[PDB]
Structures are given as structure tokens and as C-alpha cells.
């Protein structure tokens, strides 16, 4: 029973959620931000944190330092649409006048990390990975999506003396929606770095392999009968929408891919006070962190505009921007649908992986 007042609940503390929480905090609008972790995860640097000693502490930022009592650690199990509540594992419910859904994507470690944990435990998880990689002479990266391609390049750039094999089910690497010129140069670069590519093969004994853990001997098998002996197997396939929090309640609304369908104001179909942003929004985009932030300014503005009776603003997708990091000294990609080269990507993404951006948003300084 909110009797006109606002109470905004942000479910998910990723790039979008912290963008929305910071906007609401600047306008002094009551809000509660919920995340299962206690710190924000700059997952765009997760692969460098998998290979560089001491980097991982640059990639987690305490929520409570920035948001204080406007943050609440918890796992969201369900939405009660009728009574405008948000159901937390353990019983607690959070009442909202407006709801921002920002639940991001789920995937294998190290590319994603969606574990309830402390900041120091999360950091330690990546430092542990680095020791697995240091220990290993032979490493297999499974999956030539954008994540595997960068993971293999990241290992070879930091450890030229390791033997890195990348195994991928198709014949072209990285996202299908990229310029063919982009996809080809990614192959050129991986080969010049000494990565051994096993294209058009599928790993067949995967349920039996130890993941993210050094072993003296591991044999990876493919459906074509190729056997690759290795010390470490890193899995880089299986990014999907994290609908844990909202699926039971919006089944009618979830598009097939897990995302919530939305209008051009990022409103969830069938609701005027429920927004979806970033990865969980059905936008036919490639799903980018920077987009998650833009969506967040859109959603907060449209909550304020909906109270101040004003025309909502819309989200106008443009041409494809995505830069692939090929280690710290190389890369390639496209900015608004045209090709950008190695020097450009190295200065934009590959040196700092946009890490300083999240620390600025969170108003904190890295350790």
C-alpha cells in the first residue's frame, strides 16, 4: 500500500543495476538494490583476472560502501505480481511501487561468477584459477565464442610458453553477427599467437572432464575422434539469461530466449511499473554492458517521467559495437557496424578492459 509514494526495487546488481541504483540515489528516490553477491563484478575483466596475479581485486566492488542501507544481499526466488512484492530466499519480501529487472547472464566460471559469497572469497576464486593456469603447461579452451577466443588469447599473451588449444564446433570464430572481416582477423591473430585451433569439432566426453583444475593428465575427446591430452580444461560456452528471479511469475511474458519482452520504453509487456534492462531485456541486441547502463538511465527516467506525467523516452538501437580483446597487446572489432583495427581495440578495450569505469560509477577507488 504505497499511497502515491515511490519505492523502486532493483533486482540484480550488475552494470545496469548499479547504473540504476546510482541514478535513484542521486534523485533521493527510495530504493532497494538486491544482488546475491555482496560486491559488483566487472565481468568484462573476468578473463584477465583468470590469468594475471593480483588483478582480480580490481574486478569486485563492495555494494555496501557505495549504497549503504539501500543495498540488501539476497537471492531473489520469485515475484509476487498481485501484491507487488519481491520474494527473497529465506522468506523476506520487498514491497515495490516500481520494479527494475536487471538479472544479467549466467555462464561457466571464469567467464561469469554468480555465487553467493564474500568479496574476499570471490577474489580468491579467481586467484585460484590463476594458479591452475600457472601450474599447467597444456590448456584446452572449449568453445570459440567471443569468450573462448579471448580466454585463449589472454593465456597465450601472458604465458607464451604454454600450449593452448581452442576447440570450437563451427568453422568461424566469435559471434555470428560480427562482420566476416572481424571474424577472420580473430582467427589470424589466434594463429599468430601460437594457439592451436580445432575447428568444426565438438567435445564428446565433457561430463567426465575436470573443469578449472590442474591435473597431471586429462584427455579431451571429440566426436571426430580427435584426442587432446591436457593439464587444464576451461569451459567457455553456455551464456544464457538468468531468469531465476522472475520466470515463474512472468512465464506469459518471457520471450523464448528467457528475456522479458518490452516496448521502446523498456516496460515489461503487461505492466506499466515494471522495467527490464541490460541482458534480461528482449531487445535483439548483442547484449553489452554499456547498453545495460543506457537502458538504466532510460528506465529510471521513465519512472520519474511516469510520476511527473511526461513523455517517456525511447531506446533507439544502432549498428553493432563489439570489441574483442586479444590479450593485452592486441584486438579487433567493430564500432557501429564498421571495422576497427588492432591499435584502436588495444587502446579502447585491451589495456584496461574498462575497469576504471565501474570504480568511477561506484565512487570508489580500486585496491
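Basically, rigid core = biggest C-alpha set you can superpose within 1.5 Å across the two forms. Positions refer to the first chain, counted from 1.
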item	value
Segment of greater CA departure in 5 other deposited structures of this protein, 234-242 or 212-220, core superposed	234-242
150-158 against 73-81 - segment lying farther from this form in 5 other deposited structures of this protein (CA RMS, rigid core fit)	73-81
Average Cα temperature factor in the PDB entry - higher stretch of 235-243, 78-86	78-86
Mean C-alpha temperature factor, higher of 303-311 and 28-36	303-311
Peak C-alpha temperature factor (PDB record), options 108, 104, 95, 194	95
Peak C-alpha temperature factor (PDB record), options 320, 46, 323, 326	320
Among modelled residues of the same chain, the CA temperature factor third for residue 136	lowest
For residue 70, the third of its chain into which the C-alpha B factor falls	middle
Third assignment of residue 342 from its chain's C-alpha B-factors	middle
For residue 291, the third of its chain into which the C-alpha B factor falls	middle
Entry-reported Cα temperature factor of residue 165, expressed as the chain third it lands in	middle
